[PDB]
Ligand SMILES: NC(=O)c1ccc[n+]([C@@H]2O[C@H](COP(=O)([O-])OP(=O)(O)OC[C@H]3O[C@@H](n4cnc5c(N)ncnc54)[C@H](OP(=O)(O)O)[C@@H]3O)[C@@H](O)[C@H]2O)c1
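The chain below stands alone and is given as structure tokens, in the form deposited without the ligand.
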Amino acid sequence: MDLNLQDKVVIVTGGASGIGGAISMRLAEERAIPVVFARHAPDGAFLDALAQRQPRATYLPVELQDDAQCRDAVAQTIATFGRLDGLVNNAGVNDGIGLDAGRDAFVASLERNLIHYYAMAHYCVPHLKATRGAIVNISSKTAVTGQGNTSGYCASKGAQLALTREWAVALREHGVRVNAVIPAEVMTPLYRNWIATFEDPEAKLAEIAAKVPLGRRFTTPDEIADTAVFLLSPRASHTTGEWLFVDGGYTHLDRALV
């Protein structure tokens, strides 16, 4: 299936590892031009692989919580390419800020998660209009299921779903589609590192995986990326405002199944 993404310029936030890295790599494979915005430099191996598929792919160091850096990085991207065709809002962290944590911790969580999705759309949308481009917001099942000690991240991820509907309405006349992908349990190096802090990492991984209905396994970053890149493409030309769950049945299938 030709996604018609050749030479389309797409910014991917947190685009050098995990879900974001898989999205950047998939974009390169579809002959698009991914532009990675991330705090820390990508691995050499990642950059080598990306450049091999798409020599024009770029990486810009960006602290997304710094509004001026978002502004300037988008400006640099437009200066380089003259156009923007997509934005994937993906950077985030489940920072475990519960009800008990208080205002400052809650607001800091909104800065880490929610506020830069808005900032990035704010700076990208004026350019997406010209190309009838697209936005994909990566959210989390926690936006609708809860988790229990993560008010900051939950609030952020839910606001991202709401903003997906809002921006779809706002941009309908410009032909700019806005959709979300909702993962549940996705195996990434960061998740693997977190699991490694447990007494028995293999048992902890198995305990989490056991609850995923389809195959009792984690979703892969590639699985998230395939749906996200489909949504960026005109193959999804009448899909806007939607929340696509790519989660092995985690959110919607009977909790009682084993």
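Residues that one form lacks are left out of the comparison. One-based numbering along the sequence shown. In this text, rigid core is short for the largest set of C-alphas that superpose within 1.5 Å between two forms.
We do not show the form deposited with the ligand bound, though everything after this point is about it.
- When you look in the deposited complex, the only residue of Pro201, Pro189, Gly215, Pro55 with a non-hydrogen atom within 4.5 Å of the ligand is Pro189.
- When you look in the deposited complex, the only residue of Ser233, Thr227, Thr220, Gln65 with a non-hydrogen atom within 4.5 Å of the ligand is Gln65.
- Within 4.5 Å of the ligand in the deposited complex, a heavy atom is found for all three of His40, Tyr153 and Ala184.
- Using a 4.5 angstroms threshold between heavy atoms, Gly92 counts as touching the ligand in the deposited complex.
- Interface residue remark: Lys157 is counted as part of the site for the ligand in the deposited complex, having a heavy atom within 4.5 Å.
- At a distance threshold of 4.5 angstroms between non-hydrogen atoms, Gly241 is out of contact with the ligand in the deposited complex.
- Although the partner is absent here, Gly14 sits close enough that one of its heavy atoms falls within 4.5 Å of the ligand in the deposited complex.
- Taking the core as reference between this form and the one not shown, the lone member of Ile195, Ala209, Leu60, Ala49 whose Cα moves by 2 Å or more is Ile195.
- Core-based superposition between this form and the one not shown shows that the consecutive residues, three or more at a time, whose C-alphas shift by 2 angstroms or more lie in one run only, 192-205.
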